[PDB]
Each structure stands twice: as structure tokens, then as C-alpha cells.
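What follows is a short report on a single structure.
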Amino acid sequence: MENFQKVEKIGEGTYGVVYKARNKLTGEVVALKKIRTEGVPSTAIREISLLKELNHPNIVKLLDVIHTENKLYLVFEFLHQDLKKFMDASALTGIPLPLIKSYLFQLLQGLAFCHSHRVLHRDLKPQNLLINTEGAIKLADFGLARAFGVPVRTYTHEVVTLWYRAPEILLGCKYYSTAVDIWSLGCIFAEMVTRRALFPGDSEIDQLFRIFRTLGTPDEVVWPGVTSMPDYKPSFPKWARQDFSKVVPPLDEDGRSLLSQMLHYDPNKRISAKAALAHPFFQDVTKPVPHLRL
Ligand SMILES: Nc1nccc(-c2cc(Cl)sc2Cl)n1
């Protein structure tokens with residue numbers, strides 16, 4: 001776009017290259033995202049436009065949608081770092097619990113807002129959770145999955161991670177509920193605490209079986225209707241559930257209680273973002289300033 005000065009390539013996004021750019025007219029720095037091929041369907045256009053109104057402090061603001069020469073460019077609010085990089089840079093000591101709680105608290109507020117408007121992310125991951133020097137954290141690319149389906153590989157052939165994918169998705173559910181985002185956030189919560197990914201699957205079955213080995217193979221008791229799902233197989237190995245005290249030490253009882261509810265197999269039983277915000281784990285939540293060195 002002639003109105004933007006591509007100052008730098010930030011990285012490779014799910015849909016295309018993501019650039020840091022400056023608007024010549026306003027002078028504001030933004031995140032420019034190129035999306036993908038035939039002419040862009042009107043459905044995607046209408047879906048994306050609805051996102052311009054989904055405004056919240058914990059959601060990366062969609063500034064503009066530029067469709068020209070049959071090409072789509074999304075203009076977003078720009079943040080200097082993602083949670084993936086921050087966790088890597090805090091590996092030696094791990095993110096202080098107060099900051100972890102603050103981030104989870106803010107993330108849940110963002111989900112609650114989007115979910116109340118029936119909008120899902122469907123592909124939450126450390127890579128699209130952005131933070132600033134003021135202690136805030138925001139969800140990026142919310143709603144794009146519905147507009148543009150999440151691919152197996154990105155334009156750069158990079159494999160889209162399955163680490164945060166909810167079990168109902170892995171089992172072939174055709175209709176996603178807001179519960180898929182709580183699952184993903186639960187996995188990220190566990191990762192911030194232990195400093196290691198919870199379920200680092202490298203294939204759909206490996207992902208599913210890693211979940212099964214930790215939470216126990218799901219059955220009709222804990223998940224009514226699971227055996228009738230598209231990709232469920234009666235031949236799945238039967239693993240017993242591990243205690244959370246072993247899965248996420250040194251998370252306290254409040255944190256483990258909340259995580260368990262965010263990781264419930266049955267999407268309907270899984271806690272909502274709104275109910276999670278009222279959980280005792282957040283009784284002493286604060287907003288610490290993070291140590292960011294840009
Ligand atoms: N909005 C924004 N701002 C800075 C970086 C990004 C970003 C860059 C990626 Cl690569 S994924 C992702 Cl999310 N988005």
C-alpha cells in the first residue's frame with residue numbers, strides 16, 4: 001500500500017507476511033498483514049469488516065481493511081513483543097506468578113468480550129498474544145479463523161502448531177464453541193507456569209495422545225457423546241489421568257483448580273471466560289510492570 005512505509009518485517013504470520021509499517025498521513029506505526037488468491041470472497045470481506053467494531057482494551061485493534069488489486073491487507077494496532085518471545089527471554093527464572101495471573105486475568109477479559117459477541121479466535125497461541133511495556137497483554141488476530149480457515153501449513157510451508165488445539169477439534173467436531181479458546185488459554189497458562197509446553201504434539205494423533213496421557217483417555221462418563229465423534233476410534237489406548245499437582249507444579253490449589261476447569265474434556269462443562277474471572281485464583285490479582293528490553 002502506497003500509504004505505508006514498511007519499516008521492517010516482523011515475521012511470518014498464519015496468513016502471510018506481517019510488517020511493521022508507518023502511516024504517512026497520520027505518522028502512526030502499525031502492523032500490516034497481507035492475507036494470502038482468486039479475488040477475495042465477499043463473505044470474508046463482510047466478516048472482517050464486522051471485526052472493526054469488536055473493540056476492547058485486551059484485543060489488538062483492527063484499524064483498517066485494505067482491498068485493492070484483488071489483494072487483502074489488514075491494518076492492526078502494533079505491539080512490540082509476543083508472549084512466545086517473552087517466555088523464551090524469561091526461561092531462566094520464569095515469569096513471576098503475579099505477572100502470569102495478571103496476563104491470564106486480562107486474556108480472560110478479552111475472551112469474555114469477544115465471546116459475548118459470539119466471536120471466537122480458534123487459534124490462540126503464544127505467538128498471537130502481544131504485550132507492551134505498560135503491563136498489558138492483548139489477543140491478536142481474533143476472528144480471522146472464521147473469515148479465513150486455519151491452514152495446515154502457512155504460505156512459508158511452516159507447520160501451524162497443534163499444541164493449543166482443543167480435543168473436540170482434533171476429534172472432528174464441525175461446529176466450534178467459545179470453549180475452544182478457553183482450552184487454548186488453559187494450555188498457555190500451564191506453559192507460563194512450568195516454562196514448558198503442556199501438549200507439544202507433532203501430529204494430530206500425537207497431539208491427541210499427549211492430551212490423553214495427561215488428562216486420561218476420554219470416555220462417555222467424563223464426555224457424553226465423545227465415542228460418537230467423527231475421528232474417535234474405539235481402539236484408542238486407554239490411559240489414566242495424572243494428578244495436576246504433578247502436571248503443573250508449583251501452581252497453588254487455586255491455580256490448579258482453575259486450570260482443571262479450563263481443561264475439561266466436555267466443551268459444555270469447560271468453564272467460560274466470564275465464570276473464570278470470578279474464580280478465587282484472581283482474588284489477589286494485580287497489574288505488575290514486566291521487564292521488557294526492546
Ligand atoms: N498486531 C501485531 N503487532 C505486532 C506483531 C503481530 C504479529 C506478528 C506475527 Cl508474525 S503473528 C502476530 Cl500476531 N501483530
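Residues are referred to by chain and number: the chain letter is A, B, ... according to the order shown in the C-alpha cells, the number counts from 1 in that chain, and ligands are numbered separately from 1 in the order shown.
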
Distance table requested - range 58-138 of chain A against range 4-17 of chain A, cut-off 10 Å, only C-alpha atoms: one row per qualifying residue with the closest atom pair and its distance in Å to one decimal, ordered by chain and rising residue number, as CSV.
```
residue,atom,partner,partner_atom,distance
A:73,CA,A:16,CA,9.7
A:80,CA,A:10,CA,9.6
A:81,CA,A:10,CA,9.8
A:123,CA,A:14,CA,9.6
A:127,CA,A:13,CA,9.0
A:128,CA,A:13,CA,9.2
```

May I have the residues from that selection written out with C-alpha atoms, as a PDB file, in the first residue's frame?
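What ended up in out28.pdb:
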```
ATOM      1  CA  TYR A  73      -4.262  -6.190   3.684  1.00  0.00           C
ATOM      2  CA  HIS A  80       6.405  -4.635  20.376  1.00  0.00           C
ATOM      3  CA  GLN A  81       6.556  -8.257  21.538  1.00  0.00           C
ATOM      4  CA  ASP A 123      -6.143 -20.433  17.063  1.00  0.00           C
ATOM      5  CA  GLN A 127       2.669 -16.133  19.056  1.00  0.00           C
ATOM      6  CA  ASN A 128      -0.541 -14.074  18.876  1.00  0.00           C
TER       7      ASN A 128
END
```

Near-residue 52 in chain A list (12 Å; only C-alpha atoms; drop same-chain fewer than 5 positions) as a list in words: residues 45, 46, 47, 59, 60, 61, 62, 63, 64, 65, 74, 75, 76, 77, 141, 142, 143 and 144 of chain A

Residue with smallest distance to ligand 1 - pool A:40, A:273, A:140, A:229, counting only C-alpha atoms and all ligand atoms: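 That would be A:140, the residue with the smallest distance to ligand 1.
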
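With distances restricted to only C-alpha atoms and all ligand atoms, A:160 is the closest residue to ligand 1 from A:44, A:160, A:272, A:110.
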
Nearest candidate to ligand 1 (options A:194, A:283, A:257, A:156; using only C-alpha atoms and all ligand atoms):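 Closest to ligand 1, using only C-alpha atoms and all ligand atoms: A:156.
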
Selection near residue 237 in chain A, 10 Å with only C-alpha atoms, sequence-local residues under 5 positions removed, as a list in words: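 The neighbour list is residues 209, 212, 213, 216 and 217 of chain A.
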
Suppose we keep C-alpha atoms; can you now write the selection as a PDB file, in the first residue's frame?
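Now in part31.pdb:
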```pdb
ATOM      1  CA  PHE A 209      -2.497 -38.945  22.651  1.00  0.00           C
ATOM      2  CA  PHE A 212      -4.949 -38.456  26.688  1.00  0.00           C
ATOM      3  CA  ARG A 213      -1.797 -39.468  28.576  1.00  0.00           C
ATOM      4  CA  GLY A 216      -6.799 -39.623  30.772  1.00  0.00           C
ATOM      5  CA  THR A 217      -8.442 -41.081  27.667  1.00  0.00           C
TER       6      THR A 217
END
```

One-decimal distance in Å that lies between CA of residue 133 in chain A and CA of residue 82 in chain A: 11.5 Å

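Inside range 40-169 of chain A, the residues DSSP reads as strand (DSSP E or B) when given the backbone are residues 59, 62, 63, 64, 65, 66, 67, 68, 71, 72, 73, 74, 75, 76, 77, 81, 82, 129, 130, 131, 137, 138, 139, 153 and 159 of chain A.
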
Proximity to residue 112 in chain A - best of A:285, A:21, A:54, A:35, only C-alpha atoms: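 Ranked by minimum distance to residue 112 in chain A, first place goes to A:54.
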
Contact residues around residue 117 in chain A with only C-alpha atoms at 12 Å, ignoring same-chain residues under 2 positions, as a list in words: residues 50, 51, 53, 54, 55, 56, 110, 111, 112, 113, 114, 115, 119, 120, 121, 142, 143 and 178 of chain A

For residue 25 in chain A: contacts at 12 Å, only C-alpha atoms, fewer than 2 positions along chain excluded, given as a list in words: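 Everything that qualifies: residues 2, 3, 4, 5, 22, 23, 27, 28 and 29 of chain A.
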
Resulting file, chosen residues, N, CA, C and O atoms, as a short mmCIF file (atom, residue, chain, number, x, y, z; two decimals), in the first residue's frame:
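This went into again_7.cif:
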```cif
data_model
loop_
_atom_site.label_atom_id
_atom_site.label_comp_id
_atom_site.auth_asym_id
_atom_site.auth_seq_id
_atom_site.Cartn_x
_atom_site.Cartn_y
_atom_site.Cartn_z
N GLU A 2 0.59 2.18 -0.90
CA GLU A 2 1.37 3.40 -1.03
C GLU A 2 1.33 4.30 0.20
O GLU A 2 2.19 5.16 0.38
N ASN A 3 0.32 4.11 1.05
CA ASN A 3 0.17 4.92 2.25
C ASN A 3 1.01 4.43 3.42
O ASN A 3 1.01 5.06 4.48
N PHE A 4 1.73 3.33 3.24
CA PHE A 4 2.54 2.79 4.32
C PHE A 4 4.01 2.58 3.98
O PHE A 4 4.36 2.15 2.88
N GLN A 5 4.86 2.87 4.96
CA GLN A 5 6.30 2.71 4.83
C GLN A 5 6.73 1.46 5.59
O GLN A 5 6.89 1.50 6.80
N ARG A 22 4.60 2.39 8.90
CA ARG A 22 4.23 3.71 9.38
C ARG A 22 3.29 4.40 8.39
O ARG A 22 3.58 4.46 7.19
N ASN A 23 2.17 4.89 8.89
CA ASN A 23 1.20 5.59 8.06
C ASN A 23 1.75 6.98 7.77
O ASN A 23 2.03 7.74 8.70
N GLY A 27 1.21 9.19 10.59
CA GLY A 27 2.52 9.01 11.20
C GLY A 27 2.54 7.89 12.23
O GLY A 27 3.58 7.61 12.82
N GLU A 28 1.39 7.25 12.44
CA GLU A 28 1.30 6.16 13.40
C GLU A 28 1.92 4.87 12.88
O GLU A 28 1.85 4.57 11.69
N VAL A 29 2.54 4.11 13.79
CA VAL A 29 3.16 2.85 13.42
C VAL A 29 2.12 1.76 13.59
O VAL A 29 1.41 1.72 14.59
#
```

Expected answer as number ranges by chain: alpha helix (DSSP H) residues in range 34-232 of chain A: A: 42-51, 83-88, 97-116, 144-147, 167-170, 179-194, 204-215

Dump of C-alpha atoms for the selected residues, as a compact mmCIF listing (two decimals), in the first residue's frame:
```
# COMPACT_ATOMS: atom_id res chain seq x y z
CA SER A 42 -17.43 -11.08 -0.28
CA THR A 43 -18.13 -13.29 2.73
CA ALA A 44 -14.60 -12.86 4.06
CA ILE A 45 -14.86 -9.12 3.42
CA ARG A 46 -18.11 -8.83 5.38
CA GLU A 47 -16.77 -10.98 8.21
CA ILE A 48 -13.60 -8.92 8.56
CA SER A 49 -15.49 -5.62 8.47
CA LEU A 50 -17.59 -6.73 11.44
CA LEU A 51 -14.33 -7.09 13.37
CA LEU A 83 4.29 -13.93 24.71
CA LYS A 84 6.40 -16.55 22.93
CA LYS A 85 9.46 -14.30 22.84
CA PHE A 86 8.83 -13.03 26.38
CA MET A 87 8.64 -16.58 27.76
CA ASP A 88 11.84 -17.54 25.95
CA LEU A 97 3.39 -15.61 39.22
CA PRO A 98 1.87 -12.15 39.81
CA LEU A 99 2.51 -11.28 36.16
CA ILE A 100 1.23 -14.67 34.98
CA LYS A 101 -2.01 -14.08 36.89
CA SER A 102 -2.29 -10.53 35.53
CA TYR A 103 -1.84 -11.76 31.97
CA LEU A 104 -4.33 -14.61 32.39
CA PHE A 105 -6.75 -12.17 34.02
CA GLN A 106 -6.51 -9.74 31.08
CA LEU A 107 -6.65 -12.52 28.47
CA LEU A 108 -9.86 -13.85 30.01
CA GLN A 109 -11.39 -10.35 29.89
CA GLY A 110 -10.58 -10.21 26.19
CA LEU A 111 -12.12 -13.62 25.55
CA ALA A 112 -15.20 -12.76 27.61
CA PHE A 113 -15.76 -9.65 25.49
CA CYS A 114 -15.36 -11.42 22.14
CA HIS A 115 -17.34 -14.44 23.29
CA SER A 116 -20.27 -12.24 24.39
CA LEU A 144 -9.66 -14.26 11.37
CA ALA A 145 -10.03 -18.05 11.57
CA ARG A 146 -13.75 -17.85 10.78
CA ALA A 147 -13.07 -15.46 7.89
CA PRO A 167 -9.81 -32.04 21.73
CA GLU A 168 -13.21 -31.58 20.06
CA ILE A 169 -11.38 -30.07 17.08
CA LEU A 170 -8.90 -32.96 16.95
CA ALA A 179 -14.90 -23.33 24.67
CA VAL A 180 -12.08 -23.96 22.20
CA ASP A 181 -10.44 -20.68 23.25
CA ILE A 182 -10.59 -21.49 26.96
CA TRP A 183 -8.83 -24.78 26.23
CA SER A 184 -6.03 -23.00 24.36
CA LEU A 185 -5.69 -20.40 27.12
CA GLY A 186 -5.52 -23.19 29.69
CA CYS A 187 -2.59 -24.75 27.82
CA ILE A 188 -0.81 -21.38 27.67
CA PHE A 189 -1.49 -20.83 31.38
CA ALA A 190 0.19 -24.15 32.18
CA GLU A 191 3.10 -23.28 29.87
CA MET A 192 3.80 -19.94 31.55
CA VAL A 193 3.90 -21.70 34.93
CA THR A 194 6.06 -24.72 34.08
CA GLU A 204 -2.81 -34.74 15.17
CA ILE A 205 -2.71 -38.21 16.73
CA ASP A 206 0.41 -37.36 18.73
CA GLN A 207 -1.38 -34.23 19.98
CA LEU A 208 -4.48 -36.20 20.94
CA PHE A 209 -2.50 -38.94 22.65
CA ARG A 210 -0.40 -36.45 24.61
CA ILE A 211 -3.65 -34.96 25.91
CA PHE A 212 -4.95 -38.46 26.69
CA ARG A 213 -1.80 -39.47 28.58
CA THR A 214 -2.09 -36.48 30.90
CA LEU A 215 -5.84 -36.00 31.33
```

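Nearest residue to ligand 1 among A:71, A:20, A:165, A:122 is A:20, counting only C-alpha atoms and all ligand atoms.
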
Residue contacts of residue 245 in chain A (12 Å, only C-alpha atoms) excluding same-chain residues fewer than 2 positions away, as a PyMOL selection string: chain A and resi 190+194+214+241-243+247-257+259-260

Okay, now the selection with N, CA and C atoms, as a PDB file, in the first residue's frame?
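Saved file selection-v8.pdb follows:
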```pdb
ATOM      1  N   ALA A 190      -0.695 -23.106  31.670  1.00  0.00           N
ATOM      2  CA  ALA A 190       0.188 -24.151  32.179  1.00  0.00           C
ATOM      3  C   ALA A 190       1.622 -23.938  31.702  1.00  0.00           C
ATOM      4  N   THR A 194       5.023 -23.697  34.117  1.00  0.00           N
ATOM      5  CA  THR A 194       6.064 -24.722  34.079  1.00  0.00           C
ATOM      6  C   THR A 194       7.254 -24.388  33.186  1.00  0.00           C
ATOM      7  N   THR A 214      -2.093 -37.352  29.734  1.00  0.00           N
ATOM      8  CA  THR A 214      -2.093 -36.479  30.897  1.00  0.00           C
ATOM      9  C   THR A 214      -3.452 -36.404  31.580  1.00  0.00           C
ATOM     10  N   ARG A 241      -5.768 -40.763  34.167  1.00  0.00           N
ATOM     11  CA  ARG A 241      -5.493 -39.345  34.382  1.00  0.00           C
ATOM     12  C   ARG A 241      -4.403 -39.097  35.421  1.00  0.00           C
ATOM     13  N   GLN A 242      -3.554 -38.111  35.148  1.00  0.00           N
ATOM     14  CA  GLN A 242      -2.478 -37.736  36.055  1.00  0.00           C
ATOM     15  C   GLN A 242      -2.967 -36.612  36.955  1.00  0.00           C
ATOM     16  N   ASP A 243      -2.443 -36.557  38.175  1.00  0.00           N
ATOM     17  CA  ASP A 243      -2.838 -35.516  39.113  1.00  0.00           C
ATOM     18  C   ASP A 243      -2.173 -34.206  38.695  1.00  0.00           C
ATOM     19  N   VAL A 247       1.367 -32.369  37.161  1.00  0.00           N
ATOM     20  CA  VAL A 247       1.396 -31.724  35.856  1.00  0.00           C
ATOM     21  C   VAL A 247       1.898 -30.287  35.858  1.00  0.00           C
ATOM     22  N   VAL A 248       1.434 -29.475  36.806  1.00  0.00           N
ATOM     23  CA  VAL A 248       1.858 -28.080  36.833  1.00  0.00           C
ATOM     24  C   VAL A 248       2.439 -27.513  38.125  1.00  0.00           C
ATOM     25  N   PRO A 249       3.412 -28.209  38.730  1.00  0.00           N
ATOM     26  CA  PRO A 249       3.958 -27.627  39.956  1.00  0.00           C
ATOM     27  C   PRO A 249       4.742 -26.391  39.512  1.00  0.00           C
ATOM     28  N   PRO A 250       4.870 -25.372  40.374  1.00  0.00           N
ATOM     29  CA  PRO A 250       4.360 -25.243  41.741  1.00  0.00           C
ATOM     30  C   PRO A 250       3.078 -24.420  41.823  1.00  0.00           C
ATOM     31  N   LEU A 251       2.169 -24.599  40.872  1.00  0.00           N
ATOM     32  CA  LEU A 251       0.925 -23.836  40.896  1.00  0.00           C
ATOM     33  C   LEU A 251       0.158 -24.206  42.164  1.00  0.00           C
ATOM     34  N   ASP A 252      -0.393 -23.207  42.852  1.00  0.00           N
ATOM     35  CA  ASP A 252      -1.134 -23.479  44.079  1.00  0.00           C
ATOM     36  C   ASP A 252      -2.496 -24.100  43.800  1.00  0.00           C
ATOM     37  N   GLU A 253      -3.224 -24.416  44.866  1.00  0.00           N
ATOM     38  CA  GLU A 253      -4.526 -25.051  44.739  1.00  0.00           C
ATOM     39  C   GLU A 253      -5.542 -24.235  43.938  1.00  0.00           C
ATOM     40  N   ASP A 254      -5.507 -22.912  44.072  1.00  0.00           N
ATOM     41  CA  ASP A 254      -6.435 -22.059  43.325  1.00  0.00           C
ATOM     42  C   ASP A 254      -6.149 -22.156  41.826  1.00  0.00           C
ATOM     43  N   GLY A 255      -4.872 -22.042  41.477  1.00  0.00           N
ATOM     44  CA  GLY A 255      -4.477 -22.122  40.085  1.00  0.00           C
ATOM     45  C   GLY A 255      -4.784 -23.479  39.478  1.00  0.00           C
ATOM     46  N   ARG A 256      -4.482 -24.551  40.207  1.00  0.00           N
ATOM     47  CA  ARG A 256      -4.744 -25.897  39.701  1.00  0.00           C
ATOM     48  C   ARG A 256      -6.245 -26.133  39.538  1.00  0.00           C
ATOM     49  N   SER A 257      -7.032 -25.586  40.458  1.00  0.00           N
ATOM     50  CA  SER A 257      -8.481 -25.725  40.396  1.00  0.00           C
ATOM     51  C   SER A 257      -9.006 -25.068  39.121  1.00  0.00           C
ATOM     52  N   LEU A 259      -7.255 -24.234  36.361  1.00  0.00           N
ATOM     53  CA  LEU A 259      -6.718 -24.888  35.168  1.00  0.00           C
ATOM     54  C   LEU A 259      -7.529 -26.135  34.824  1.00  0.00           C
ATOM     55  N   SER A 260      -7.875 -26.914  35.844  1.00  0.00           N
ATOM     56  CA  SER A 260      -8.653 -28.128  35.628  1.00  0.00           C
ATOM     57  C   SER A 260      -9.984 -27.811  34.950  1.00  0.00           C
TER      58      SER A 260
END
```

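Of the listed residues A:131, A:72, A:152, A:66, the one whose atoms come nearest to ligand 1 is A:131, with distances taken using only C-alpha atoms and all ligand atoms.
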
Residue 258 in chain A surroundings by only C-alpha atoms, 9 Å radius, close-in-sequence under 5 positions cut, as a list in words: residues 186, 253, 263, 271, 276, 279, 280 and 281 of chain A
